[PDB]
J.: 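Got a structure here, written out as structure tokens. Questions coming.
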Amino acid sequence: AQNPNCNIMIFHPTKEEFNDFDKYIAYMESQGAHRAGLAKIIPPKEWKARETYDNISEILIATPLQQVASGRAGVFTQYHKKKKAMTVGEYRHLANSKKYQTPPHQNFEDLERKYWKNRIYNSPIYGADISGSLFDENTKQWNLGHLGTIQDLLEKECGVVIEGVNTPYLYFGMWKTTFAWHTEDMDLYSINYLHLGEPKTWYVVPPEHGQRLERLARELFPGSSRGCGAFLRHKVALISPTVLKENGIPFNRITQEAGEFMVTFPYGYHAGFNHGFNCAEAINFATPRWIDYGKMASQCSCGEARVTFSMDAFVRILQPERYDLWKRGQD
Ligand SMILES: O=C(O)CNC(=O)C(=O)O
Ligand SMILES: [Mg+2]
Ligand code: NI
Ligand SMILES: [Zn+2]
């Protein structure tokens, strides 16, 4: 078995290998990359997402989200308070202000220490989940707006034609902006490209050990656990690396820098934070190996998790028994 310790692997494809996306994901899995739950892909040196980022300040963040924490430093939840719209130029300026800017630090490890120590005492603002793309239409390789769709994958694998569409999302981050512990909708893959700015630190649990994280979470967030059998679908809970280590939960960490791709694999729980002002683009995708994960994916029926139009068909075809109760949660 390849990569039996479930280490995060880093790949350096050549320009020739960067042509066929599906084939390169399949190659990474042949080398056991999926066991970690997360892989890094450094693009060939000849590749570019677009010519420059000089012209992005007029993108609108219609609903910036202030991420307010409750709990203790290593075990907290966050809720998102809606703020007034602002442009990417206005957001960048806010991120760089004395109130919100990254503090002086030695290195990524020092900054990671400061994050886990101090996150709860601040409420950074996140421009998350903005439909759109920063890939130039002429970028032919690893263009996240031109991938094969999850609906066409399900159709190719299972023969059923379904409604729905699959498009990317932009995330504009600042120091301490945080993504809570989660897997993707229907335990899909995700791919994330860091277009510009400061780094993003990731934590990940190997898919084979996901249930260990869930059990810990039920112990640490006992009210939430009673409220919903899949409350991590709410995407609000954080647990620090120190707390994971104290409870024997297997995990790994890695920092993504501008120009790098990250791939999360089916049922790979992940969480993390941004180091300063940045812009990432991400999208869900599928492969034939996903289908079995989609059939077994947990679902939130309590009404909190509330997701996209396109998840309907996935639940309806892959999880017909669950569909009724889940749709009651959606309405
Ligand atoms: O970048 C973020 O805030 C969150 N991204 C992801 O969870 C992902 O790409 O799967
Ligand atoms: Mg603009
Ligand atoms: Ni994710
Ligand atoms: Zn729920």
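By convention here, the first residue in the shown sequence is residue 1. In listed order, ligands and their atoms are each counted from 1.
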J.: Under 3.5 Å between any N/O of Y171 and any N/O of ligand 1: does that happen in this structure?
T.: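 No; every N/O pair is 3.5 Å or more apart.
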J.: Do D129 and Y171 pair up side chain to side chain, a donor and an acceptor below 3.5 Å, judged on atom types alone?
T.: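 Indeed, the side chains of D129 and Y171 share at least one donor-acceptor pair under 3.5 Å.
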J.: Between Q67 and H80, do the side chains contain an N or O donor and an N or O acceptor separated by less than 3.5 Å?
T.: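 Side chains of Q67 and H80: pair found under 3.5 Å.
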J.: Given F273, which partner from the list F108, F179, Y115, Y126 fulfils the ring pair (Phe, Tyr, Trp, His ring centres under 6.0 Å) test?
T.: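 Exactly one option meets the ring pair (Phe, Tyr, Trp, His ring centres under 6.0 Å) with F273, and it is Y115.
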J.: If the cut-off is 4.0 Å to any non-hydrogen atom of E184, which atoms of ligand 1 fall inside it?
T.: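 Here the atoms of ligand 1 in question are 10 (O).
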J.: Checking a contact table here: which protein heavy atom is nearest atom 8 (C) of ligand 1, and how many Å away?
T.: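 The answer is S190 OG, 3.6 Å.
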J.: Any non-hydrogen atom of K200 lying under 4.0 Å from ligand 1?
T.: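 The answer is yes, since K200 has a heavy atom less than 4.0 Å from ligand 1.
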J.: How far is atom 6 (C) of ligand 1 from its nearest protein heavy atom, and which residue and atom name does that atom have?
T.: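 Sorting protein heavy atoms by distance from atom 6 (C) of ligand 1 puts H270 NE2, 3.9 Å first.
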J.: Looking at the Ni ion (ligand 3), which N/O/S atom of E184 is the nearest one?
T.: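 The closest N, O or S atom of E184 to the Ni ion (ligand 3) is OE2.
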J.: Please report which non-hydrogen protein atom sits nearest to atom 9 (O) of ligand 1, along with the residue it belongs to and the distance in Å to one decimal place.
T.: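 That would be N192 ND2, 3.1 Å.
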J.: Looking at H182, which of its N, O or S atoms is the nearest one to the Ni ion (ligand 3)?
T.: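 Of the nitrogen, oxygen and sulfur atoms in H182, the Ni ion (ligand 3) lies nearest to NE2.
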J.: In this structure, does ligand 1 have an atom that sits under 4.0 Å from one of the heavy atoms of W202?
T.: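 It does, in that a heavy atom of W202 comes within the 4.0 Å cut-off of ligand 1.
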J.: Angle class for the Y193/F135 ring planes (parallel below 30°, perpendicular above 60°, tilted otherwise)?
T.: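 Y193 and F135: tilted rings.
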J.: Using a strict 4.0 Å threshold on nitrogen-to-oxygen distance, state whether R316 and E163 make a salt bridge.
T.: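 Answer for the salt bridge query: yes.
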J.: Return yes if some donor-acceptor pair links the side-chain N/O of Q78 with the main-chain N/O of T178 below 3.5 Å, else return no.
T.: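 Yes; at least one donor-acceptor contact below 3.5 Å.
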J.: Can you name the atoms of ligand 1, numbered from 1 with element, that are less than 4.0 Å from a heavy atom of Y126?
T.: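 So the atoms of ligand 1 that pass are 1 (O), 2 (C), 3 (O).
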J.: Report yes or no: do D312 and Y323 form a side-chain donor-acceptor pair below 3.5 Å?
T.: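 Distance-only check passes for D312 and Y323.
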